[PDB]
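Chemist: Take a look at this one; I'll ask things after.
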Amino acid sequence: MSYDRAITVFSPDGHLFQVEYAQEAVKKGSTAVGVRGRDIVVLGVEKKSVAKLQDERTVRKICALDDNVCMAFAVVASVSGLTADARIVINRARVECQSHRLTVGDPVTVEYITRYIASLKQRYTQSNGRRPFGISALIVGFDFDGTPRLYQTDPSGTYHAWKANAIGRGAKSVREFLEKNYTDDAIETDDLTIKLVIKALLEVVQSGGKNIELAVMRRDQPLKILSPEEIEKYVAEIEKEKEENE
Amino acid sequence: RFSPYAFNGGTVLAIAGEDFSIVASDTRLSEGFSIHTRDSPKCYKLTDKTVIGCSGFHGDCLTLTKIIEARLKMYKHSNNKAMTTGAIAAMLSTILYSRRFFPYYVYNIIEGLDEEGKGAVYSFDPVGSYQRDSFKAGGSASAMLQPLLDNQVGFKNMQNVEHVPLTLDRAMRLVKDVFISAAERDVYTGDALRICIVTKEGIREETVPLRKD
Amino acid sequence: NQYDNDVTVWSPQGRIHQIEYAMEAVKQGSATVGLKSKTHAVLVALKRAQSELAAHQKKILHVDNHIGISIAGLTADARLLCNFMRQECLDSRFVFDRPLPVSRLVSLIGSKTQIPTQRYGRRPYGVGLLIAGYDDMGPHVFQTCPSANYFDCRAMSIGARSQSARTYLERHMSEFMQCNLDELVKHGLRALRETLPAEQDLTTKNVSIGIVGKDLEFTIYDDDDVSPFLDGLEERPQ
Amino acid sequence: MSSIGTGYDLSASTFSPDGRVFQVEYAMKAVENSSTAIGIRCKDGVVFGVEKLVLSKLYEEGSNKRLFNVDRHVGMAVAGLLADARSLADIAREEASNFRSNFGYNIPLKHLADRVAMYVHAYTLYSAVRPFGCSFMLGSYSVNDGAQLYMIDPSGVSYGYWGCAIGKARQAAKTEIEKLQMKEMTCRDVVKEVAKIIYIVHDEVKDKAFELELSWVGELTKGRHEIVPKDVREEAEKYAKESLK
Amino acid sequence: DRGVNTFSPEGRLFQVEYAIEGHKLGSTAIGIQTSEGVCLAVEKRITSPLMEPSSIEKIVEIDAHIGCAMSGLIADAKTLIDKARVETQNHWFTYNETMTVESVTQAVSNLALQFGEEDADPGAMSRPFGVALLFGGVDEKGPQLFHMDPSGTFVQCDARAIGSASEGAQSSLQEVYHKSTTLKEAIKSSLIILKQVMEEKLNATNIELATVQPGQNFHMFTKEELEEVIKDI
Amino acid sequence: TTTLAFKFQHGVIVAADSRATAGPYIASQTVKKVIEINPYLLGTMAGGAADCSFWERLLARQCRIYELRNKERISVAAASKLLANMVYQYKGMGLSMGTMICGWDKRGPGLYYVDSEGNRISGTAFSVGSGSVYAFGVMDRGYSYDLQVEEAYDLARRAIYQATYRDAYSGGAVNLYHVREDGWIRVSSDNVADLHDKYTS
Amino acid sequence: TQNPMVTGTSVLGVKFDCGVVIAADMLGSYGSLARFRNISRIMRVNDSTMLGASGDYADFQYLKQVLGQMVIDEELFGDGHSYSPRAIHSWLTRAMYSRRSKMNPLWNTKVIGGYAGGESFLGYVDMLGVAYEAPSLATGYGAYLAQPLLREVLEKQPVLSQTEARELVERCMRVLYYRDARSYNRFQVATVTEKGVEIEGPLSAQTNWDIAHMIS
Amino acid sequence: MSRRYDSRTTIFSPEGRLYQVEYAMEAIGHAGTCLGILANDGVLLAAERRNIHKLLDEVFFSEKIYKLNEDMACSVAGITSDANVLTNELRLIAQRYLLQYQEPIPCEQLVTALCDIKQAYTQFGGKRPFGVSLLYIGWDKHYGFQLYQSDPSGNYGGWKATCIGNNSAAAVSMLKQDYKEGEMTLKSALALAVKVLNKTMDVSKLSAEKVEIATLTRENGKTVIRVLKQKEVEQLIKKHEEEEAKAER
Amino acid sequence: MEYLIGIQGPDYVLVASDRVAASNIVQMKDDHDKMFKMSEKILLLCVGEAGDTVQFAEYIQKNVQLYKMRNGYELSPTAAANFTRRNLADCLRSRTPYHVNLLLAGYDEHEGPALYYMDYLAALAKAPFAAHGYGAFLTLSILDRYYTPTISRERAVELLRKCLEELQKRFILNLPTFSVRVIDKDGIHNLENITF
């Protein structure tokens with residue numbers, strides 16, 4: 001078979017084909033924003049791909065992997081609303097997280113799972129037949145320390161912490177938007193933390209706030225998914241302020 | 001660590017004393033099983049490289065087994081660094097071997113004496129079980145207990161005085177090494193044939209035999 | 001080009017190009033002299049460098065403190081064999097308890113280097129290695145090249161423009177056995193100077209020297225520890 | 001074309017319309033690039049004579065590795081790519097090593113040659129590893145079936161010979177062996193005979209300048225494969241020089 | 001179906017020539033060796049001040065007393081470091097002294113060319129490291145900084161700067177640093193050089209500074225600690 | 001609460017002690033045996049019983065605590081380090097064991113103390129002692145106990161324990177090693193002889 | 001300290017090292033417990049053209065070792081044209097095997113003495129059931145090590161190496177003493193010498209008798 | 001793209017986005033319609049079997065609708081050859097769940113176990129992607145009767161009315177449209193099942209040779225799953241038939 | 001003798017549970033202040049009682065496992081299922097060279113089968129019933145629940161029954177009154193009750 005076709009070929013680009021290509025998928029389907037707050041680090045998703053006859057319990061676009069770490073994603077590829085690829089990554093990352101607790105106790109830190117996940121996609125680049133996952137997850141959480149962290153991973157598997165980061169529907173666009181809204185005030189106040197998430201989502205608003213699902217997660221405590229009904233309360237008021245800036 | 005069958009109850013003691021600018025290490029060259037001597041040659045001191053000399057004692061097989069392990073690490077670290085290493089490396093590599101045989105440990109005591117790559121001449125004791133320590137003076141083996149009282153009164157001097165109330169001088173320690181070896185021959189029934197004393201400057205060994213029987 | 005993308009594509013000559021292309025890396029890489037007397041084995045190496053704010057690349061490597069190698073070619077492939085060889089030594093004292101014969105190891109590596117030249121697409125190792133060693137038999141200067149073929153040689157020189165060194169070794173075939181540790185080293189410098197232009201000679205900072213023999217164990221000499229060996233500057237023709 | 005040099009050798013998982021893959025035919029060409037190795041069989045041993053191509057006179061023994069010691073009664077003289085020469089040496093030898101342990105006796109050559117031949121063909125089948133491309137001979141003196149000489153080519157064909165030569169001058173050499181006698185006569189008379197064939201065949205469009213190496217494996221060396229002594233080598237060579245002229 | 005490695009007619013691997021070009025795209029790493037420590041300075045490659053300078057994997061620990069800085073492909077580096085890391089921490093457990101920075105450098109250079117798949121090996125890579133590394137750590141002979149690059153060239157360094165312009169990174173090193181001088185000034189020189197290869201002007205946010213000393217050993221810096229070393233531009 | 005290796009919790013410091021020679025056997029290996037060791041530089045330990053048993057778990061621990069620290073680049077919970085030790089000693093159980101560790105290190109709430117046992121327990125408690133003979137130890141220290149111990153008061157406490165324990169017991173020997181940890185910086189307090197401490201107190 | 005109850009034993013292997021040769025005597029008798037099943041038995045083997053091996057104690061444990069040393073020797077000679085293996089690597093690697101099998105508590109001892117020259121030196125090596133390698137002036141293993149070796153030691157004590165004639169008188173003295181003192185054996189010895197061509201030692205023959213102390 | 005970098009799943013896409021899955025979705029459309037409707041005392045599955053031919057041995061009534069477990073049944077739309085490994089796999093998982101949990105297995109749990117195997121085949125191991133969409137029908141006591149849809153890729157969703165096969169787009173919208181919620185009964189969902197199955201399919205007649213119908217009905221609190229036999233099937237068809245006939249000329 | 005004391009009294013919905021703190025090794029209480037009652041979740045609590053090592057090791061593992069199930073289904077683990085689930089776990093573990101045997105009590109409220117309280121034997125025999133004890137105490141605690149109530153009397157009177165049972169703990173077996181860890185587990189979570 002051709003040289004270009006093969007999984008082995010480091011290409012004139014100076015970087016492996018399958019690693020490069022997975023990186024060009026992190027826009028479109030679904031949207032995940034996470035901002036950092038003192039008392040809650042909050043992730044919100046827009047589009048769970050629900051017709052509202054489809055169970056919303058089955059599709060997790062916001063899944064808690066630990067008892068203080070949670071992640072929300074988005075991605076590009078063939079066939080819409082695609083639960084599968086994201087779902088394998090939840091299953092291996094969540095078990096590993098529970099196994100970490102068993103080995104070395106208490107809720108596992110935000111930064112460690114994020115390091116594990118970035119390396120998980122990386123090892124695959126050596127491994128036979130395997131390309132890396134095209135996913136960027138906004139790992140949102142609190143450490144056991146209680147030091148809030150907001151982390152993001154990329155498809156090659158390089159990770160960075162941020163104060164606030166947004167992906168999907170054009171990653172670059174939502175990152176840029178979120179930077180106007182973010183302020184040092186926003187992080188201190190419990191009302192503003194939620195609105196900051198919602199504020200990035202809305203520039204590709206679809207179907208109410210019932211479509212948009214938010215969670216708050218606290219220092220050692222399980223994921224609390226705020227009602228699909230509560231979210232709507234923020235959106236009605238905020239959406240008006242949103243139109244003016246763009 | 002026991003040898004009525006499983007391991008060799010081949011007797012033999014080495015004693016090494018560090019002053020602070022020599023090590024004298026003295027051991028018998030008799031290889032025996034039980035009270036009987038097998039054969040009169042073969043020194044129980046063995047040099048891993050050239051710049052280090054270890055004394056291994058107890059069963060002879062256990063002694064050959066320990067030196068190999070200490071030797072394969074002693075070269076590896078030298079290769080890597082591109083400069084030699086000595087006393088400190090032998091003790092510290094024993095830690096790794098001792099972990100290796102966690103379930104039933106090798107009944108050999110190796111004491112590496114030479115000069116370490118951290119400076120000053122060192123005769124270090126690991127025992128085959130685990131554990132590491134630096135000693136002031138130490139004699140080790142199945143007759144370990146017999147050197148210890150000589151070193152304890154002189155070197156440690158814990159509510160005691162001897163020649164000087166300080167870790168003993170080079171002239172005294174070399175005499176002390178020769179002395180213990182005569183005494184051991186009467187008391188113990190495994191020590192026999194001749195006693196070979198190796199004095200290490202930290203880079204080179206010199207050997208002198210003394211007959212006793 | 002096409003033969004070497006794979007390996008299973010055989011040529012119209014009947015010889016694989018992947019091996020031939022691998023030989024050309026050895027021509028890119030550093031000039032080396034390896035010579036033996038019959039008591040000693042000397043490795044005289046040319047060091048190359050990327051920065052002169054950084055210390056010039058050590059081209060005598062410790063495999064064991066009795067066999068050492070000097071590398072010419074791909075550095076990554078070299079280091080891979082360096083480690084492989086190092087472990088083999090460790091293994092040899094561990095089980096056998098002696099200083100490893102050079103002869104047991106060249107043959108062992110020669111078995112191993114053949115395997116990826118036969119594996120589909122995989123390299124033959126684009127590095128030629130000169131192993132200088134003194135074991136219980138006496139000195140050996142061995143060549144492993146990208147071809148699994150090895151030579152037992154008294155003196156050979158591999159690397160960039162080493163051919164010019166090889167000619168002077170032929171004149172002095174007689175002198176080698178006869179020579180002392182000092183004398184054999186001065187010939188290695190003579191051989192090494194040929195490699196370089198007729199505009200210039202050797203400096204202390206681009207020469208690395210490795211001595212193993214009867215007189216002393218394997219010690220590698222760096223940047224300015226080469227000096228007592230170094231003195232002896234002979235002819236370079238135009 | 002009876003072979004294509006690009007197409008049907010892209011993988012080692014191919015066949016060709018005649019019935020034989022082109023990679024194997026190329027592997028016969030690889031052996032042509034090197035000099036000749038002759039080995040003539042007695043009933044008291046085998047004697048090899050290989051010409052070894054030289055580029056320097058700083059070469060010492062255990063260089064090029066034309067003679068390998070497969071066993072303490074099995075000898076091997078090889079021809080072709082020296083790189084390839086080492087793996088074929090391993091394959092024969094490992095088979096020998098397992099055999100010695102378990103069976104506990106000297107190997108019959110009738111079994112070894114077919115057994116090895118399977119292995120040589122087995123690389124050709126696979127595309128995990130490429131065909132071999134050096135050719136070798138096995139010559140043995142044993143009490144197991146006597147002195148026997150086989151030749152195994154990189155295809156994986158094993159055949160009997162009283163006289164085989166593999167090289168680029170194998171066709172010209174084999175005919176030359178048939179004219180001489182060596183079939184019934186001792187290794188001591190034969191050594192002289194192996195040397196002369198190499199000089200007479202020796203062309204300047206099939207070979208280059210060489211130093212002679214000859215080898216024993218017979219009753220004189222007491223089974224075992226050793227190289228002939230320098231003194232003996234030089235008398236066998238002295239006849240070889242005289243015979244050309 | 002196909003091979004793995006492809007030699008170019010020039011006599012060198014195609015994939016290895018590509019791997020050098022790989023280096024030009026990423027972060028920069030400068031390490032400066034003093035007999036009082038080895039400092040490693042690297043940029044994360046900023047684009048927003050929302051990106052924390054507090055905890056970012058560009059300078060990572062091989063050992064408790066060895067830090068390693070990466071340039072080129074960042075992501076791939078973390079896998080090289082992990083392999084070196086397992087070897088190094090086993091050696092540290094055993095020796096309780098120091099794990100030679102030089103050995104570690106020699107070990108990683110093996111991972112550069114080893115790669116096989118397509119009927120060779122499932123355990124070996126499908127790519128070459130286009131990572132170049134600066135291992136800076138503290139050892140018994142003294143503090144040492146070693147340079148490795150995609151070709152696998154292990155060399156000892158007193159001072160080396162490597163970045164998205166290899167010629168650029170070093171040339172700034174010539175101007176500013178000289179081998180022997182205080183610890184404080186070695187850090188000072190890392191930052192100036194780092195700013196030069198980089199697009200934008202120096203700030204606390206754009207870089208992470210980690211110093212490995214025989215006196216303090218590896219320290220991963222947080223934002224308050226970063227402001228201190230920034231003072232000396 | 002066992003052997004002449006003790007640790008007890010209080011918020012000001014933790015004092016960690018072991019002897020030179022707590023009688024791991026009937027004899028000394030050489031002239032001087034050390035038990036009091038920290039291959040770390042932010043954690044404190046206890047450990048008694050056999051010779052082998054304390055040396056292995058703590059050297060095993062050094063590797064395990066750095067390995068997590070190395071990757072994540074911020075120090076891990078005291079609980080994460082202690083659970084790591086706990087899993088490992090359980091493997092080690094039954095081949096040579098009576099060993100346990102008492103962990104002190106900085107965690108999220110503040111300074112943390114977890115005692116991990118040779119069984120497989122991770123518990124916090126007022127006082128633990130690692131090895132086999134603190135069963136005879138408990139009272140005197142137990143009479144003058146409080147939750148909070150001052151820096152000054154902790155030293156008076158250990159000093160006296162060894163002096164009374166010469167009278168009652170004998171397994172106490174050679175030197176008393178005292179180490180005080182602020183929370184992540186241990187300092188060597190006094191290396192006072194067991195005999196010497198009998199004389200004063 | 002160990003010695004399994006041997007079934008099939010070779011009791012004695014004599015050995016004295018001289019200047020380029022070794023003289024070895026090897027017991028002809030193979031005791032299978034009390035019954036002497038087989039005399040004809042040479043326990044000295046030919047590995048290669050410059051090595052030899054002679055062992056005493058269990059003969060079964062010996063036959064397992066001769067083929068194994070045969071495959072180790074076959075790997076090493078391949079590398080040269082006439083290279084032969086040195087005594088020390090093969091004997092030391094086997095030492096590590098016996099130290100391991102000793103720890104396994106049901107096992108049978110054998111103790112072998114190798115003579116080779118593969119270096120620039122003539123090596124006399126031993127692998128024992130207990131294991132160790134050493135040089136020796138004159139050697140004997142197993143039942144020789146226990147009772148004649150001490151007689152040999154007595155001799156060795158003021159005169160470091162004996163003469164040819166004196167070693168012959170001792171041999172003759174020795175065979176009497178073993179039949180008299182140990183059981184299983186016989187007087188019958190094979191004289192085996194190893195040299196640079198291989199090992200030569202024809203079939204075991206009867207030699208001097210004296211199980212008489214009626215005369216004493 | 002301008003050329004795929006696929007030809008194996010041990011090598012991957014020139015975009016990193018997998019074309020093969022979109023061809024798999026098309027594959028369900030090639031094969032006959034599979035539909036599931038919800039009931040208030042059961043759930044039923046209706047599928048079009050591969051066999052339309054008159055000559056049928058009829059030892060099996062299960063040849064696309066396989067009863068897996070004592071609580072759940074699934075159906076196939078796609079290639080029949082693929083079901084056979086899958087169906088035996090599903091039996092193992094389904095009983096595996098009972099062993100530990102011993103609960104009326106939920107539909108969401110069985111489907112996630114299977115999705116692990118399908119996602120791996122597409123990523124590596126050199127195994128060709130699947131071309132079947134499977135519809136799982138089951139009962140749990142925590143939400144009720146459920147229907148789930150699984151895709152070749154590993155993509156899943158809980159439904160209570162879903163259809164795939166014989167142009168998916170049309171079929172799912174239509175199945176929804178005619179579906180009512182909380183107005184249902186098992187007989188009427190079954191009569192309706194044939195009617196919708198008729199419209200998506202080219203045939204305006206339909207027989208038990210063409211079609212195979214299964215019930216899952218809960219009796220005395222336990223789920224009894226049967227795939228029905230031909231005479232029973234025919235009766236549901238004839239019920240529908242009178243209406244179909246009036247549509248026709 | 002089997003193991004130290006436990007007394008557990010299910011009300012009729014509520015279950016009030018107690019175990020001693022006293023985790024003793026050699027002849028001292030190492031711990032005397034920690035609960036070896038585990039929160040595997042908020043809707044389910046598991047309380048593991050046995051030896052020193054098997055208690056902490058089996059439950060910590062179970063806990064991390066409980067959380068994993070929760071994510072997957074997105075509903076709390078089912079109570080009926082949890083009762084059979086704990087039986088497979090303790091039989092599988094039981095062969096291991098380090099001995100695992102647990103006298104367990106699962107307490108949960110589920111919206112499925114309902115409430116469950118599980119008596120579980122040392123022979124890895126699973127039964128739901130109302131009244132359980134731990135140690136050789138299981139016979140001692142089950143017996144006072146059969147006569148004095150019909151095991152539907154108030155939690156307050158049950159506490160008085162518990163005080164009387166604890167007095168036995170001073171008499172028949174060795175444990176001292178000093179510390180006992182007491183928790184009542186109902187639908188909301190665990191409530192800390194007074195120490196004895």
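Chain labels run A, B, ... following the order of the structure tokens; each chain numbers its residues from 1, and ligands are numbered from 1 in the order shown.
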Using only C-alpha atoms, which protein or nucleic acid residues come within 8 Å of residue 74 in chain H? Drop anything in the same chain fewer than 3 positions from it, and give the result as a list in words.
Modeler: residues 45, 65, 66, 67, 68, 134, 135, 136 and 137 of chain H
Chemist: Considering only C-alpha atoms, return as a short mmCIF file (atom, residue, chain, number, x, y, z; two decimals) with N, CA and C atoms, in the first residue's frame whatever protein or nucleic-acid residues lie within 12 Å of residue 161 in chain D, sequence-local ones (same chain, fewer than 2 positions apart) excluded.
Modeler:
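Output below, filename result.cif:
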```cif
data_model
loop_
_atom_site.label_atom_id
_atom_site.label_comp_id
_atom_site.auth_asym_id
_atom_site.auth_seq_id
_atom_site.Cartn_x
_atom_site.Cartn_y
_atom_site.Cartn_z
N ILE D 38 33.46 -23.82 -2.39
CA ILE D 38 33.39 -25.15 -3.00
C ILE D 38 33.51 -26.03 -1.77
N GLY D 39 32.95 -27.21 -1.84
CA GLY D 39 33.13 -28.12 -0.81
C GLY D 39 32.90 -29.43 -1.52
N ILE D 40 33.95 -30.26 -1.37
CA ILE D 40 33.94 -31.59 -1.93
C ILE D 40 33.94 -32.59 -0.88
N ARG D 41 33.05 -33.63 -0.94
CA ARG D 41 32.82 -34.71 -0.02
C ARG D 41 33.63 -35.95 -0.28
N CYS D 42 34.20 -36.51 0.85
CA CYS D 42 34.98 -37.70 0.85
C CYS D 42 34.01 -38.71 1.39
N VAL D 46 34.53 -34.06 4.96
CA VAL D 46 34.24 -33.14 3.90
C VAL D 46 35.38 -32.22 4.00
N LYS D 110 21.20 -36.39 6.89
CA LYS D 110 19.95 -36.61 6.14
C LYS D 110 18.69 -35.91 6.75
N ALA D 113 19.51 -31.51 6.88
CA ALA D 113 19.30 -30.70 5.70
C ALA D 113 17.82 -30.37 5.36
N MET D 137 26.45 -24.49 2.61
CA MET D 137 26.66 -25.91 2.50
C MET D 137 26.81 -26.41 3.89
N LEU D 138 26.48 -27.74 4.11
CA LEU D 138 26.63 -28.39 5.35
C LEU D 138 27.45 -29.54 5.01
N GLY D 139 28.56 -29.83 5.80
CA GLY D 139 29.39 -30.95 5.40
C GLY D 139 29.65 -31.53 6.78
N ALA D 147 30.21 -39.58 5.93
CA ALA D 147 30.46 -38.29 5.43
C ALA D 147 29.34 -38.00 4.44
N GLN D 148 28.74 -36.83 4.56
CA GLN D 148 27.68 -36.41 3.71
C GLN D 148 27.79 -34.92 3.48
N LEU D 149 27.40 -34.50 2.29
CA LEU D 149 27.52 -33.08 1.90
C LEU D 149 26.18 -32.79 1.29
N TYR D 150 25.61 -31.67 1.79
CA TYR D 150 24.35 -31.12 1.27
C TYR D 150 24.65 -29.67 0.95
N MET D 151 23.83 -29.09 0.03
CA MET D 151 23.79 -27.67 -0.25
C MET D 151 22.42 -27.15 -0.17
N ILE D 152 22.21 -26.06 0.55
CA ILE D 152 20.87 -25.47 0.70
C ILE D 152 20.99 -24.08 0.20
N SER D 158 17.09 -28.43 -0.74
CA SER D 158 18.19 -29.23 -0.22
C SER D 158 18.38 -30.45 -1.14
N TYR D 159 19.67 -30.66 -1.58
CA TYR D 159 19.97 -31.68 -2.47
C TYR D 159 21.24 -32.31 -2.01
N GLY D 163 30.10 -33.19 -4.66
CA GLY D 163 30.81 -31.99 -4.99
C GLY D 163 29.76 -30.94 -5.33
N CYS D 164 29.75 -29.85 -4.50
CA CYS D 164 28.92 -28.68 -4.81
C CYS D 164 29.78 -27.49 -4.68
N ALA D 165 29.52 -26.40 -5.49
CA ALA D 165 30.12 -25.12 -5.48
C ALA D 165 28.94 -24.17 -5.71
N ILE D 166 28.89 -23.01 -4.96
CA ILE D 166 27.85 -22.01 -4.89
C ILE D 166 28.66 -20.71 -4.95
N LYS D 174 31.17 -26.60 -10.89
CA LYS D 174 30.58 -27.91 -10.71
C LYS D 174 30.96 -28.90 -11.72
N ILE D 177 34.57 -29.96 -10.91
CA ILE D 177 34.63 -30.92 -9.89
C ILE D 177 34.37 -32.27 -10.43
N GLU D 178 33.44 -32.48 -11.36
CA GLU D 178 33.04 -33.78 -11.86
C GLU D 178 34.16 -34.46 -12.59
N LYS D 183 35.99 -38.55 -4.52
CA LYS D 183 34.77 -39.20 -3.93
C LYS D 183 35.06 -40.22 -2.85
#
```
Chemist: Taking only C-alpha atoms into account, report as a PDB file with C-alpha atoms, in the first residue's frame which residues of chain B lie within 9 Å of chain F.
Modeler:
```pdb
ATOM      1  CA  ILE B  95      19.377  -2.905  49.418  1.00  0.00           C
ATOM      2  CA  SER B  98      17.686  -7.841  49.615  1.00  0.00           C
ATOM      3  CA  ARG B  99      14.304  -6.752  48.267  1.00  0.00           C
ATOM      4  CA  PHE B 102      12.117 -10.847  50.191  1.00  0.00           C
ATOM      5  CA  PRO B 103      10.598 -14.235  50.844  1.00  0.00           C
ATOM      6  CA  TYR B 104      13.721 -16.186  51.983  1.00  0.00           C
ATOM      7  CA  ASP B 125      27.853  -2.991  56.160  1.00  0.00           C
ATOM      8  CA  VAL B 127      23.379  -7.559  55.736  1.00  0.00           C
ATOM      9  CA  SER B 129      18.173  -9.305  54.897  1.00  0.00           C
ATOM     10  CA  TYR B 130      17.969  -5.567  54.130  1.00  0.00           C
ATOM     11  CA  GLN B 131      19.137  -2.639  56.121  1.00  0.00           C
ATOM     12  CA  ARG B 132      22.133  -0.341  55.696  1.00  0.00           C
ATOM     13  CA  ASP B 133      24.266   1.527  58.149  1.00  0.00           C
ATOM     14  CA  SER B 134      27.737   3.026  58.375  1.00  0.00           C
ATOM     15  CA  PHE B 135      29.786   1.521  61.131  1.00  0.00           C
ATOM     16  CA  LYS B 136      32.648   2.856  63.279  1.00  0.00           C
ATOM     17  CA  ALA B 137      34.289  -0.565  63.148  1.00  0.00           C
ATOM     18  CA  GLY B 138      32.487  -3.750  62.427  1.00  0.00           C
ATOM     19  CA  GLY B 139      33.011  -7.437  62.129  1.00  0.00           C
ATOM     20  CA  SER B 140      30.234  -9.397  60.683  1.00  0.00           C
ATOM     21  CA  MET B 144      29.877 -11.497  64.232  1.00  0.00           C
ATOM     22  CA  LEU B 145      29.505 -11.149  67.916  1.00  0.00           C
ATOM     23  CA  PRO B 147      34.665  -8.733  66.829  1.00  0.00           C
ATOM     24  CA  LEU B 148      31.879  -6.512  68.058  1.00  0.00           C
ATOM     25  CA  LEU B 149      33.101  -6.284  71.793  1.00  0.00           C
ATOM     26  CA  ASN B 151      35.080  -2.420  68.350  1.00  0.00           C
ATOM     27  CA  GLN B 152      32.436  -1.479  70.969  1.00  0.00           C
ATOM     28  CA  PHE B 155      35.517   2.806  68.774  1.00  0.00           C
ATOM     29  CA  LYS B 156      32.139   3.645  70.244  1.00  0.00           C
ATOM     30  CA  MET B 158      29.838   4.316  75.375  1.00  0.00           C
TER      31      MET B 158
END
```
Chemist: Output as a tab-separated table one row per residue of chain E within 7 Å of chain B: the closest atom pair and its distance in Å to one decimal place, counting only C-alpha atoms, sorted by chain and residue number ascending.
Modeler:
```
residue	atom	partner	partner_atom	distance
E:94	CA	B:96	CA	5.6
E:95	CA	B:92	CA	5.2
E:100	CA	B:81	CA	6.0
E:102	CA	B:80	CA	6.6
E:103	CA	B:80	CA	5.2
E:140	CA	B:118	CA	6.8
```
Chemist: Given the selection you just returned, output its residues as a file containing N, CA and C atoms, formatted as a compact mmCIF listing (two decimals), in the first residue's frame.
Modeler:
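Result went into selection_3.txt, see below:
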```txt
# COMPACT_ATOMS: atom_id res chain seq x y z
N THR E 94 17.33 2.63 44.83
CA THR E 94 18.45 1.72 45.04
C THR E 94 19.65 2.48 45.58
N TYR E 95 20.13 3.53 44.86
CA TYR E 95 21.41 4.26 45.13
C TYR E 95 21.46 5.16 46.26
N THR E 100 22.84 9.75 37.60
CA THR E 100 23.58 10.43 36.50
C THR E 100 22.63 11.04 35.47
N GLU E 102 23.63 12.06 32.63
CA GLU E 102 24.18 11.44 31.44
C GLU E 102 23.63 10.14 31.01
N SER E 103 23.34 9.19 32.01
CA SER E 103 22.72 7.95 31.69
C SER E 103 21.35 8.11 31.12
N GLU E 140 26.57 13.76 41.96
CA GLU E 140 27.66 13.67 42.86
C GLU E 140 28.92 14.34 42.33
```
Chemist: Let's see if you can do this: from backbone DSSP, list all helix (DSSP H, G or I) residues in range 4-122 of chain H, as JSON, numbers by chain.
Modeler: {"H": [19, 20, 21, 22, 23, 24, 25, 26, 27, 28, 29, 30, 80, 81, 82, 83, 84, 85, 86, 87, 88, 89, 90, 91, 92, 93, 94, 95, 96, 97, 98, 99, 100, 101, 107, 108, 109, 110, 111, 112, 113, 114, 115, 116, 117, 118, 119, 120, 121, 122]}
Chemist: What lies within 7 Å of range 175-184 of chain E using only C-alpha atoms, ignoring chain neighbours under 5 positions off, as a ChimeraX atom specification?
Modeler: /E:34,36-37,158-159,189
